[PDB]
Amino acid sequence: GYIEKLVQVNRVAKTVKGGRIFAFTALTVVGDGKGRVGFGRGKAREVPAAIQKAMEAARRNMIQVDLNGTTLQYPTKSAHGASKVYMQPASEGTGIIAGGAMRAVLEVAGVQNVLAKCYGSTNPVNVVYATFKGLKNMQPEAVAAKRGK
RNA sequence: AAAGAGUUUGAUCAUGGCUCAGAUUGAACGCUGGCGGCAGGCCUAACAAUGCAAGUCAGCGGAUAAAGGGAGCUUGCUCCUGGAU
């Protein structure tokens, strides 16, 4: 995936006898604009050594998203933890009218007509799982109900 | 014919409040002074100086007593055929 994109970077800490030892955590999304997306988390003592690990772990664990072509397939809802994410299609002139951590995942999947909205928790590491489960769980023609519709 | 940020922790996730960016207004107020068009203008409390509703002459009575036509004096003058308007 080649349109990588960082979302959030957080300075987290740990106490020992001496005091707070620090480490930076970066959450980063990796896509190709065609329906392939992973997300990755990594930690290091320095910022770019953790972004790299977030790039690394997001190039594995990537997923084929069964889109319709530049939009979502149907209006969908998903949730991981207290984070809850509603996503739908838009028509043709709309862009990414979602926002934040959902704006990155629904940019590097190559969708550009979203109209997504998140409720509950806005913590981006769970909003990213909650967008990731909405996208992993669609199907346009792979209904096993043996019909044409 | 539909976007979120900031802030409780040594760090975390959650619950939850606050704060913010936004659009509006019969606006006030702080800073200046170019214009035009179209609008809008006591949201508050009442007491009021001084200047806007009246037309129809088809109803009498007043006024004019036409200029005119005279008359008397003679163009000063009053009554008149009529007496207007």
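The name recorded for chain A in the PDB entry is 30S ribosomal protein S5, from Pseudomonas aeruginosa. Per the PDB record, the entry is named "Pseudomonas aeruginosa 30s ribosome from an aminoglycoside resistant clinical isolate". Under the UniProt heading Sequence similarities (unreviewed entry), the entry covering chain A gives this text: "Belongs to the universal ribosomal protein uS5 family."

Caption draft 1: Representation of a positive patch on the surface. On the surface, a cluster of positive charge is made up of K14, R41, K43, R45 and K53. For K14, a relative accessible area of 56% translates into the label exposed.

Caption draft 2: A look at the packing of aromatic side chains. Per the counting criterion, the structure on display carries two aromatic pairs. Taken together, a centroid distance of 5.0 Å and an interplanar angle of 55° make the contact between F39 and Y129 tilted. Here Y129 lies in helix α3 (residues 124–136) and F39 lies in strand β3 (residues 36–44), a separation of 90 residues in the sequence. Each ring, one from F39 and one from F132, has its centre 4.7 Å from the other, and the planes form 70°; the classification is edge-to-face. Here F132 lies in helix α3 and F39 lies in strand β3, a separation of 93 residues in the sequence. When sorted by exposure, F39 lands in the same class as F132, which is buried.

Caption draft 3: Local environment of the domain arrangement of chain A. Along its sequence, chain A is organised into domain 1 (5–63) and domain 2 (64–136). Computed from C-alpha atoms alone, the centre-to-centre distance between domain 1 and domain 2 is 21 Å. Counting from both sides, the interface comprises 19 residues of domain 1 and, opposite them, 16 residues of domain 2. A buried area of about 1500 Å², summed over both sides, lies between domain 1 and domain 2, and 78% of it is on carbon and sulfur atoms.

Caption draft 4: Representation of the UniProt feature "domain: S5 DRBM" (unreviewed entry) in chain A in the model. In this numbering, the UniProt entry assigns the feature "domain: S5 DRBM" (unreviewed entry) to residues 2–65. Secondary structure content for residues 2–65 is 20% helix and 55% strand, and the end C-alpha separation is 16 Å.

Caption draft 5: The arrangement of the packing of helix α2 (residues 101–108) against α3 in detail. In contact at an axis separation of 8 Å, α2 and α3 are set at 35° when each is read in the N-to-C sense. Considering the relative orientation of α2 and α3, their crossing is right-handed. In contact with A101, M102, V105 and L106 of α2, α3 contributes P124, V127, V128, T131, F132 and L135. Looking at the contact of α2 with α3, its residues break down into nine nonpolar, one polar and no charged.

Parameters at a glance
Residues numbered from 1 in each chain as written, not as in the entry; some residues may be left out. Chains lettered and ligands numbered in written order. Part of a larger assembly, values for the part shown. Heavy atoms only, no water. Residues with missing side-chain atoms left out of burial classes, pairs and counts. UniProt positions renumbered as here; feature names shortened; annotations may be inferred. Patch = residues over 30% accessible without salt bridge, like charges linked within 9 Å, V, L, I, M, F, W, Y side chains within 5 Å. Areas by Shrake-Rupley, 256 points an atom, 1.4 Å probe, with all protein chains shown as cover. Salt bridge = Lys/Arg side-chain N within 4 Å of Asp/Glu carboxyl O. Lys, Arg positive; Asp, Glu negative; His and termini not counted. Charge placed at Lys NZ, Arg CZ, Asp CG, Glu CD. Buried < 20%, exposed > 50% of the residue type's maximum accessible area, 1.4 Å probe, protein only. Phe/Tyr/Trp six-rings, centres within 6.5 Å; stacked < 30°, edge-to-face > 60°. Helix = DSSP H or I, 4+ residues; strand = E, 2+ residues; numbered from the N terminus. Domains from an automatic or database assignment. Contact = heavy atoms within 4.5 Å. Buried area = accessible area lost by both parts, 1.4 Å probe. Axes fitted to C-alpha atoms, helices over the stretch in contact; angles between N-to-C directions. Left-handed = near helix turned anticlockwise from the far one by under 90°. Nonpolar A, V, L, I, M, F, W, Y, C, P; charged D, E, K, R; others polar.

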